[PDB]
Amino acid sequence: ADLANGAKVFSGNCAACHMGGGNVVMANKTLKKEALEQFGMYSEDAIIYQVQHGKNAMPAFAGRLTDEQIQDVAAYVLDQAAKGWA
Ligand code: HEC
C-alpha cells in the first residue's frame, strides 16, 4: 500500500499511544512483531478489523478514518514491525 500515507495517518491518530511501536496504555499489547504474533494480529486484516472496531481502551476509527487511510496505516504498522521499529 501507500506507506507515506500510512505514516501520516499513524502520526495523526496512533502515536499518542503507540509512539515507537510500544503502548503506553497496555504495555504488553505493543506493535512489535513478536507481540502481534502472540495475539494473532500480525496480519493486514487483523489490524484493519481492530483499527475499525476498537478494542477495550483502543478507540474505534470506523467513520473517523476512511477505508483507505485504515488500509494504509495497517500496512505501515506491519512494515515497521518487520523492520523492528528502528
Ligand atoms: C490510545 C488511546 C491508543 C490509540 C490512539 C490507538 N491505540 Fe492501538 N492499542 C491501544 C490499546 C489499549 C490496545 C490494547 C487493547 C486491548 O485491550 O487488547 C491497542 C492495541 C493495538 C493493536 C494490537 C496490538 C497487539 O495485539 O499487540 C494494534 C495492531 C493497534 N493497537 C494499532 C493502532 C493503530 C494503527 C492506531 C491508529 C489508527 C491505534 N492503534 C490507535 C491503544 C491505542
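Counting convention: from 1, in listed order, for ligands and their atoms alike. These values consider heavy atoms only, across backbone and side chains, with no hydrogens, waters or symmetry-generated copies. For reference, positions follow the sequence shown, starting with 1.
Minimum interatomic distance between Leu78 and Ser43 (heavy atoms only, all atoms of both residues): CD1-C, 3.8 Å. Scanning both residues, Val9 and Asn13, for their nearest heavy atoms gives O-ND2, 2.7 Å.
Considering only heavy atoms from C-beta on, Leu3 stays 4.5 Å or farther from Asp72 through its side chain.
If you look at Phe10 next to ligand 1, there are no close heavy atoms at all, none under 4.0 Å.
Polar contact with ligand 1: absent for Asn28 (N/O pair, distance under 3.5 Å).
Using a 4.0 Å cut-off to heavy atoms of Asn13, the atoms of ligand 1 that qualify are 5 (C), 37 (C), 41 (C). Counting atoms of ligand 1 from 1 in the listed order, those under 4.0 Å from a heavy atom of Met26 are 17 (O). Annotation for ligand 1: atoms under 4.0 Å from non-hydrogen atoms of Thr30 are 24 (C), 25 (C), 27 (O). Atoms of ligand 1 found under 4.0 Å from any heavy atom of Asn56 (numbered from 1 in listed order, with element): 16 (C), 17 (O).
Rounding to the nearest 0.5 Å places CD of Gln50 at 4.0 Å from CE of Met41. Atom CD of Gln69 is separated from atom NZ of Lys8 by 6.5 Å, given to the nearest 0.5 angstrom.
Looking only at protein heavy atoms, the nearest one to atom 26 (O) of ligand 1 is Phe39 CD1, 3.6 Å.
Panel note: side chain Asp79, backbone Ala75; no donor-acceptor pair is recorded below 3.5 Å. Listed for the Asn23 side chain is a donor-acceptor partner under 3.5 Å among the backbone atoms of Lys29.
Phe39 and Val73 fall within the same hydrophobic cluster, where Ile, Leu, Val, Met, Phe, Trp and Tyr residues are linked whenever their side-chain heavy atoms come under 4.5 Å apart, directly or through other members.
By the 30° and 60° cut-offs, the orientation of the rings of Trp85 relative to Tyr76 is perpendicular.
The tally of protein N/O/S atoms under 2.8 Å from atom 8 (Fe) of ligand 1 stands at 2.
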